[PDB]
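Colleague: Structure incoming, see below.
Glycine also receives a Cβ, built like all others from the backbone with ideal geometry; neighbour counts cover every protein chain displayed. We did not get these values from a lab; they are worked out from the coordinates using the rules stated.
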């Protein structure tokens, strides 16, 4: 089916094609990408031709092709000797769902988060020039990634430093976020070439040949125009869906309706928020690029006058919420915890200094699994929690999430963060939450009795704690499990009470071991409860970035999953 | 001549003094500056006319005049009732040297970081529109603020949403906006200031000092009759109407004490050997012998000290403009290509690049060094500029080594290790302030240090004061007496916050009745790490009596670092009070 690609293990092999074969090769690549994604598309498909043209033209890994986000670089990987590893792309122990510098020499940059390619490529371009080297730099940034500030300033500087580099604007007219499986410029003083057919491969080859070496005059933006999902009609027709398509039949487009087959924390936040804004005209939702993936599609439909896609500009989303909140709105930045890091300062400075009524509904909090280390949102519990007046929450379920939403909208005290994972609300065997009644902010909830050992933890981590303590449920609840559904402030009182009465605690968070665990320990230290009588066992994400997997795999290896909490509890 | 503007008390009063009265107001402002100097600049002067025009045209605080960074808004504050509080601006318990929403109704936003005004004013514009309100929104943003991504994306979105709102692109010379904690920012290439693709109304460039024209422009754009977002490129000499400031907007950015009559200033403050100078000196020294070394700064070249570095190693110096995100990911790209890029940047501004550190650098463990100036309390630039968070936010980032040199020697050693340690990133956090100038490499300030390994600086086994940088100086100063008291209370240069000296922590932890940690950071940083390490070293009963003596989890208003530190209870006196509490 793919005779060209069968003889392509690398960009050299592609160059052994003729330009004419590249159209054939791209169809093959798209059919490979289709198949790769068929298991459970649009960005990579939309990028095939330019990937092909770039690897036909450019001499990676000598030349540097940087893929903003790297989600569209499936053909790039395929064409860089990772074709047969596409099957395990993003899978645990497999390749990344992005270009990953550690994965491939052809991966110039370790992307996931967007808009970095320009800056990275600028870095490379300068860094080459500094070393007196002379290889190309190419970035491929999506139009979505171009909306980001770091893209734009990077271009400002790229076009200020005037180095060899070829930005490609891959305009399929899609804001496409960072994720690893499931997702002119006049004043920049940059050459601008396009828009062009981002699927006329031979033309992209021709352009790329003729632009990459203009470089003595400085950088070029090659605006190409793609079709997201290109060469998969269904993906072309429904790029938003198909971009992160589930298991689909390449024959029919028909896919597994995971979204509907579940109910996500996105959905819950979305439902809670679309519910909230009905009764609250100050409520305004803001997503950076993620009306879909923070679930706000219905919100955007229902409250279009209160919905703000900033594109992939989390900083924007947050400081725009700061501005909304400054005008006495109740702006809610829907965003992932991984992307909240982009807005970090905007939280700190733009919001929290003035203790603004910015709520943050924080998806993908902790380990996102598949989206790997670029997208593991394990750090918000740390970084948000060091910000004065950033209240931080983690709902155990949609009820708590709503309550949390409902408090933050109602509490103009200061901003509130609500962190909840990529996934769906599991609350069957494990105790979930209330029903939709605003709780006391900062006040945890014991969900299991016990005074020997207390498993302070929240959201995904409380599911783990409760899961760990399941047997303790059945055994007179020796091990308490507290919904430490407030990371900021902590339930200092509950902490104090458990920590003064328990031989030990376990803290658990789907976060790095600088977050909640460190807060609990901080608070205990402040309470002087960190005597040798007291112990505390932080069972969390380690201080190592977490390569793509299942969250369960990663959490298991991190040792916060029920088994590992239980192993801690056996160590206790 | 105070009188005229002295009898002026409200925006209405200012409006009452219009044509052939603006000049008198300017003279009064100059006189006020002189009076402020006698007992006890550059953008504020450069922005007088725009501020005047904006307050003349716009009915703040009903209308919203936002000031990107907020530093240039001295006339704004002056003209919004804080004229007699300019004397106490940036002073402890006084007003912010930036617009601060909690300071004034007229401060529509709380700035000090750059590039926020657009996003903020967009938020205000939307928020108005959503509330069915109809007040003007205007932001004044410098071009230097404009170079930032957050500016640019916000404008991208501003022009996407097409709400009524106004951006006054300030700074024709394109000179970096005057950051209260940064210094000679003039070699910055921040000149984004054009917006066709932003779909924003664009007007100007206009004389940003022709006030009556600014008023005229402002009337005809920032009426409620104007739909959608407008950029008013004004053209504003930084230092305008102060010749010396106009001549040296780099210096008069943030001029020291000076005589209005003569421009003569106390270069003295800057004549101190700063941590900027040490980093700069170390780095300019390092890059001589290291061609992988590339310094990067986000428009802070003066106050990261890199003016000499840019001079000596222009081929390795990268002002990215006010684009810390850019600096860090660009350093990630340099670092990817096997450089040893060093993002010189302030800890407050490093927060901008936070993700870029996390994602762009640390996930690939890139050789991005960070020379984090303004670490901890910067003092008088207050909560918008206190870099007390790096010790927290960086320290949760896998493989982000974090240091704090106790002096230039340690800073060099630190620099010299991170350059050598090109398998990972390293942050070096040192305050706004001064230390000791060491000899160049001829005197071998390239002392080798073991990264991650603290240094006991004072003996003691009763109490151990783990601290670094400003906080070690506090610990050692706390332990001044302890020293004269048979050295009961050790002080450890906890000069590594990541990794900690787990071994030393452990060894002090298990031997001392008590610890103190001390950091010129929030009580989420070093202290939280120590206690996290003690937690994990419950193997060795890290369950000592620990005292985190640090910046509270409260944003700190502009003051002296020492005032703020004292109030934060990390200063020597407070550590000693802690030591008595131990």
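Colleague: Highest first, please rank the peptides B:91-100, A:63-72 by the mean number of other Cβ atoms sitting within 10 Å of their residues.
Modeller: A:63-72, B:91-100
Colleague: How much FRET efficiency would the formula 1/(1 + (r/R0)^6) give for residue B:289 and residue B:434, where r is the Cβ-Cβ distance and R0 is 22 Å, rounded to 0.05?
Modeller: Efficiency, from the Cβ-Cβ distance: 0.30.
Colleague: Can you give the average number of partner chain beta-carbon atoms within 10 Å of each beta-carbon in peptide A:333-341, as a whole number?
Modeller: Taking all residues of A:333-341 together, the mean is 2.
Colleague: Before anything else, pin down the relative contact order of the range B:501-582: Cα pairs under 8 Å, at least 6 apart, normalised by residue count, whole percent.
Modeller: 32
Colleague: Under the Kirkwood approximation applied to all pairs of distinct alpha-carbon atoms, what is the hydrodynamic radius of the range B:76-180 in Å? Mind showing how you got there, number by number?
Modeller: Details: mean 1/r = 0.0691 Å⁻¹.
For the range B:76-180, the Kirkwood estimate is 14.5 Å.
Colleague: Modelled label-to-label distance, residue A:217 and residue A:279, 7 Å Cα→beta-carbon offset: nm?
Modeller: 6.2
Colleague: Please work out the Cα center distance from the range A:218-268 to the range A:320-351, rounded to the nearest Å.
Modeller: If you average the Cα positions of each part, the centres end up 28 Å apart.
Colleague: Once you have the Kirkwood Rh of the range A:485-551 from its Cα pairs, apply Stokes-Einstein at 10 °C and 1.306 mPa s and quote D in µm²/s.
Modeller: For these conditions, the coefficient is 128 µm²/s.
Colleague: A further question follows. Could you bin all the Cα-Cα distances of the range A:276-428 into 10 Å bins starting at 0 and give me the percent of pairs in each, rounded to whole numbers?
Modeller: 13, 48, 35, 5, 0
Colleague: Taking all pairs of different Cα atoms in the range A:374-470, averaging 1/r and flipping that mean, what Kirkwood radius in angstroms comes out?
Modeller: 14.1
Colleague: Computed FRET efficiency, Cβ-Cβ of residue A:93 and residue A:256, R0 25 Å: what is it to the nearest 0.05?
Modeller: Plugging the Cβ-Cβ distance into 1/(1 + (r/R0)^6) gives 0.60.
Colleague: Across peptide B:347-355, what mean number of C-beta atoms from other chains lies inside 10 Å of a residue's C-beta?
Modeller: Numbers: counts 0, 3, 2, 2, 9, 10, 4, 11, 16.
For this peptide, the per-residue mean of nearby foreign Cβ atoms is 6.
Colleague: Which residues in the range B:229-254 place their backbone N less than 13 Å from a point set 7 Å from the Cα of residue B:23 along the Cα-to-Cβ direction?
Modeller: None, by backbone N distance to the label point.
Colleague: Further, regarding this structure: Need one number: % antiparallel among DSSP beta bridges in the range A:1-257, to the nearest 5.
Modeller: Looking only at bridges with both residues in the range A:1-257, the antiparallel portion is about 5 percent.
Colleague: Is there a simple number for the mean count of other chain Cβ atoms within 10 Å of the Cβ of residues in B:549-556, and what is it?
Modeller: Partner Cβ neighbours, averaged per residue: 3.
Colleague: Also, I was wondering about something else. In Å and whole numbers, how far do the C-alpha atoms of the protein assembly as shown stretch along each principal axis, longest first?
Modeller: 85, 70, 68
Colleague: Considering only DSSP beta bridges with both partners in the protein assembly as shown, what is the antiparallel share in %, to the nearest 5? Could the numbers behind the result be given before it?
Modeller: Details: 17 of 130 bridges.
Beta bridges within the protein assembly as shown, antiparallel portion: roughly 15 percent.
Colleague: Now, a different point. Checking a compactness column here: for the range A:26-105, what do you get for Rg(Cα) / (2.2 N^0.38 Å), N being the number of residues?
Modeller: 0.97
Colleague: Rounded to the nearest 0.05, what FRET efficiency do residue B:581 and residue A:452 have when you use their Cβ-Cβ distance and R0 = 51 Å? Intermediate values should be presented prior to the final figure.
Modeller: Numbers: r = 31 Å, r/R0 = 0.61.
About 0.95, to the nearest 0.05.
Colleague: Still on this structure, please answer the following. Express as a percent, rounded to the nearest 5, the fraction of DSSP beta bridges in the range A:258-441 (both residues included) that run antiparallel.
Modeller: Antiparallel: roughly 10 percent of the beta bridges in the range A:258-441.
Colleague: Test of understanding: express the Cα radius of gyration of the range A:442-572 as a ratio to 2.2 N^0.38 Å, with N the residue count.
Modeller: Rounded to two decimals, the normalised Rg is 0.94.
Colleague: Based solely on its DSSP helices, what 222 nm [θ] is calculated for chain A when runs of n ≥ 4 H residues each add -39,500 (n - 2.57) and the sum is averaged over all residues, nearest 500 deg cm²/dmol?
Modeller: Computed ellipticity for chain A at 222 nm equals -10000 deg cm²/dmol.
Colleague: Restricting to Cα atoms and excluding each atom paired with itself, what does the Kirkwood estimate give for the range A:159-240 in Å?
Modeller: 13.9
Colleague: Largest first and to the nearest Å, give the Cα extent of chain B along each principal axis.
Modeller: Largest first, chain B extends 73, 50, 50 Å along its Cα principal axes.
Colleague: Can you tell me the relative contact order of the range A:258-441? Whole percent, Cα pairs under 8 Å, sequence separation 6 or more.
Modeller: The normalised contact order for the range A:258-441 reaches 22 percent.
Colleague: Please state, to two decimals, what the Cα-based radius of gyration of the range B:1-267 comes to when divided by 2.2 N^0.38 Å (N = residues). Please report the intermediate quantities before stating the final value.
Modeller: Numbers: Rg = 17.0 Å, N = 267, 2.2 N^0.38 = 18.4 Å.
Cα-based Rg divided by the globular estimate yields 0.92.
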